[PDB]
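A.B. asks: Contents are CSV, C-alpha atoms; file name final-v6.csv:
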```csv
chain,number,residue,atom,x,y,z
A,1,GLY,CA,-51.1,64.2,5.3
A,2,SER,CA,-51.6,64.9,9.0
A,3,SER,CA,-51.6,63.1,12.3
A,4,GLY,CA,-53.2,63.6,15.7
A,5,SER,CA,-51.3,64.0,19.0
A,6,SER,CA,-53.6,63.8,22.0
A,7,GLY,CA,-52.3,63.8,25.6
A,8,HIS,CA,-53.4,62.2,28.8
A,9,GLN,CA,-50.1,61.6,30.6
A,10,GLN,CA,-48.9,62.6,34.1
A,11,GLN,CA,-47.2,61.3,37.2
A,12,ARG,CA,-46.9,61.9,40.9
A,13,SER,CA,-45.5,60.3,44.1
A,14,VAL,CA,-42.7,57.8,43.8
A,15,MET,CA,-42.3,54.5,45.6
A,16,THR,CA,-39.4,52.1,46.2
A,17,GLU,CA,-39.7,48.4,45.6
A,18,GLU,CA,-37.3,45.5,46.3
A,19,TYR,CA,-37.1,43.0,43.5
A,20,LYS,CA,-34.7,40.0,43.5
A,21,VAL,CA,-33.4,38.5,40.3
A,22,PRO,CA,-31.2,35.5,39.3
A,23,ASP,CA,-27.6,36.6,39.2
A,24,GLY,CA,-27.5,34.0,36.4
A,25,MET,CA,-29.7,36.4,34.4
A,26,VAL,CA,-29.1,39.9,35.8
A,27,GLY,CA,-25.7,39.7,34.1
A,28,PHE,CA,-27.6,39.3,30.9
A,29,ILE,CA,-30.3,41.8,31.9
A,30,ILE,CA,-27.9,44.6,31.8
A,31,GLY,CA,-26.8,43.9,28.3
A,32,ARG,CA,-24.0,45.3,26.2
A,33,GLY,CA,-23.3,48.6,28.0
A,34,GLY,CA,-26.6,48.3,30.0
A,35,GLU,CA,-28.8,48.7,26.9
A,36,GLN,CA,-30.8,45.5,27.6
A,37,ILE,CA,-31.9,47.0,30.9
A,38,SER,CA,-32.3,50.5,29.5
A,39,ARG,CA,-35.0,49.1,27.2
A,40,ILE,CA,-36.8,47.8,30.2
A,41,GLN,CA,-36.3,51.1,32.1
A,42,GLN,CA,-37.6,53.0,29.0
A,43,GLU,CA,-40.3,50.4,28.3
A,44,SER,CA,-41.8,50.6,31.8
A,45,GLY,CA,-40.4,54.1,32.3
A,46,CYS,CA,-39.3,52.9,35.7
A,47,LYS,CA,-36.0,53.2,37.4
A,48,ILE,CA,-33.9,50.1,38.1
A,49,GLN,CA,-30.9,50.4,40.4
A,50,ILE,CA,-28.9,47.2,40.2
A,51,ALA,CA,-26.0,46.6,42.6
A,52,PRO,CA,-22.5,46.4,41.1
A,53,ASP,CA,-21.7,43.3,43.1
A,54,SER,CA,-24.4,41.1,44.4
A,55,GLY,CA,-21.8,40.0,46.9
A,56,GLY,CA,-22.4,36.3,47.5
A,57,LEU,CA,-26.2,36.1,47.2
A,58,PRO,CA,-28.0,33.9,44.6
A,59,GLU,CA,-30.3,36.7,43.7
A,60,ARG,CA,-29.2,40.3,42.9
A,61,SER,CA,-31.4,42.9,44.5
A,62,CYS,CA,-32.6,45.7,42.2
A,63,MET,CA,-33.8,49.0,43.6
A,64,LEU,CA,-36.8,50.2,41.7
A,65,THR,CA,-38.1,53.8,41.8
A,66,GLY,CA,-41.1,55.3,40.2
A,67,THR,CA,-44.9,54.7,39.8
A,68,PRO,CA,-46.4,51.4,41.0
A,69,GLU,CA,-47.7,50.7,37.5
A,70,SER,CA,-44.2,51.2,36.2
A,71,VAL,CA,-42.6,49.1,38.8
A,72,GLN,CA,-44.8,46.2,37.9
A,73,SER,CA,-44.5,46.7,34.2
A,74,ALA,CA,-40.7,46.7,34.5
A,75,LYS,CA,-40.9,43.6,36.8
A,76,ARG,CA,-42.8,41.8,34.1
A,77,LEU,CA,-39.9,42.6,31.7
A,78,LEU,CA,-37.3,41.5,34.2
A,79,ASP,CA,-39.1,38.2,35.1
A,80,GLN,CA,-39.5,37.8,31.4
A,81,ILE,CA,-35.8,37.8,30.7
A,82,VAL,CA,-35.4,35.2,33.4
A,83,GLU,CA,-38.3,33.2,32.2
A,84,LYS,CA,-37.1,33.5,28.6
A,85,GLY,CA,-33.8,32.5,30.0
A,86,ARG,CA,-34.9,29.8,32.4
A,87,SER,CA,-35.5,26.7,30.4
A,88,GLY,CA,-37.0,25.5,27.1
A,89,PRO,CA,-40.0,23.2,26.7
A,90,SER,CA,-37.9,20.1,26.1
A,91,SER,CA,-35.5,20.6,23.3
A,92,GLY,CA,-37.7,19.8,20.3
```
Take the structure in this file and express it as structure tokens.
C.D. replies:
Amino acid sequence: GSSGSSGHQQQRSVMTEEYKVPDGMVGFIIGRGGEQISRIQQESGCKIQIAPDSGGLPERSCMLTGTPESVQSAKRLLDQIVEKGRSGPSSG
């Protein structure tokens, strides 16, 4: 009983991206203790800095930090949450 390992993994250079999300979802994006978002941060391995108080805007800005491939991956997750929590295809 054995298993391989392999490698092929590295990073370099970090960029900042500005992504807006629906405050009506962000609140749910965080999760219970910020685990819902953590999974997204760990899933895409990207950083997501969400403001404590959106203030009075409809969308809450989220400061992303990390690779570009990670920023997008994370975004997909975010948008997903919103999408998954946007509306159903006519209550069957």
A.B. asks: Take CA of residue 24 (chain A) and CA of residue 47 (chain A) and report the distance between them in Å, one decimal.
C.D. replies: 21.0 Å
A.B. asks: For residue 83 (chain A), which residue out of A:17, A:4, A:42, A:26 is the nearest one, using only C-alpha atoms?
C.D. replies: A:26
A.B. asks: Could you tell me which of A:72, A:3, A:61, A:41 comes closest to residue 20 (chain A) if we count only C-alpha atoms?
C.D. replies: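 Of the candidates, the smallest distance to residue 20 (chain A) is held by A:61.
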A.B. asks: Rounded to one decimal in Å, what is the spacing between CA of residue 15 (chain A) and CA of residue 51 (chain A)?
C.D. replies: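 Those two atoms sit 18.4 Å apart.
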A.B. asks: Name the closest residue to residue 77 (chain A) among the candidates A:2, A:10, A:28, A:44; distances are taken between atoms, counting all atoms listed in the file.
C.D. replies: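 So, comparing all the options, the nearest one is A:44.
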A.B. asks: Pick from A:58, A:1, A:66, A:40: nearest to residue 25 (chain A), with only C-alpha atoms counted?
C.D. replies: A:58
A.B. asks: Rounded to one decimal place, report the CA of residue 16 (chain A)-CA of residue 65 (chain A) distance in Å.
C.D. replies: 4.9 Å
A.B. asks: Please return, as a PyMOL selection string, all polymer residues that have at least one atom within 12 Å of the point (-36.3, 34.5, 34.9); use all atoms listed in the file and the file's own coordinate frame.
C.D. replies: chain A and resi 20-29+59+75-88
A.B. asks: Store the residues of this selection in a file with C-alpha atoms, as a PDB file, in the frame of the given file.
C.D. replies:
```
ATOM      1  CA  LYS A  20     -34.700  40.000  43.500  1.00  0.00           C
ATOM      2  CA  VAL A  21     -33.400  38.500  40.300  1.00  0.00           C
ATOM      3  CA  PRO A  22     -31.200  35.500  39.300  1.00  0.00           C
ATOM      4  CA  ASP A  23     -27.600  36.600  39.200  1.00  0.00           C
ATOM      5  CA  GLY A  24     -27.500  34.000  36.400  1.00  0.00           C
ATOM      6  CA  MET A  25     -29.700  36.400  34.400  1.00  0.00           C
ATOM      7  CA  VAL A  26     -29.100  39.900  35.800  1.00  0.00           C
ATOM      8  CA  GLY A  27     -25.700  39.700  34.100  1.00  0.00           C
ATOM      9  CA  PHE A  28     -27.600  39.300  30.900  1.00  0.00           C
ATOM     10  CA  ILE A  29     -30.300  41.800  31.900  1.00  0.00           C
ATOM     11  CA  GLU A  59     -30.300  36.700  43.700  1.00  0.00           C
ATOM     12  CA  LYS A  75     -40.900  43.600  36.800  1.00  0.00           C
ATOM     13  CA  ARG A  76     -42.800  41.800  34.100  1.00  0.00           C
ATOM     14  CA  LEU A  77     -39.900  42.600  31.700  1.00  0.00           C
ATOM     15  CA  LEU A  78     -37.300  41.500  34.200  1.00  0.00           C
ATOM     16  CA  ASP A  79     -39.100  38.200  35.100  1.00  0.00           C
ATOM     17  CA  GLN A  80     -39.500  37.800  31.400  1.00  0.00           C
ATOM     18  CA  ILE A  81     -35.800  37.800  30.700  1.00  0.00           C
ATOM     19  CA  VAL A  82     -35.400  35.200  33.400  1.00  0.00           C
ATOM     20  CA  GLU A  83     -38.300  33.200  32.200  1.00  0.00           C
ATOM     21  CA  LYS A  84     -37.100  33.500  28.600  1.00  0.00           C
ATOM     22  CA  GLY A  85     -33.800  32.500  30.000  1.00  0.00           C
ATOM     23  CA  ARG A  86     -34.900  29.800  32.400  1.00  0.00           C
ATOM     24  CA  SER A  87     -35.500  26.700  30.400  1.00  0.00           C
ATOM     25  CA  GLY A  88     -37.000  25.500  27.100  1.00  0.00           C
TER      26      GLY A  88
END
```
A.B. asks: With all atoms listed in the file as the basis for distance, which of A:8, A:30, A:14, A:43 is at the shortest distance from residue 60 (chain A)?
C.D. replies: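 The answer is A:30, which sits nearest to residue 60 (chain A).
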A.B. asks: Pick out the closest residue to residue 39 (chain A) from this set: A:74, A:7, A:68, A:63. Count only C-alpha atoms.
C.D. replies: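 Nearest to residue 39 (chain A): A:74.
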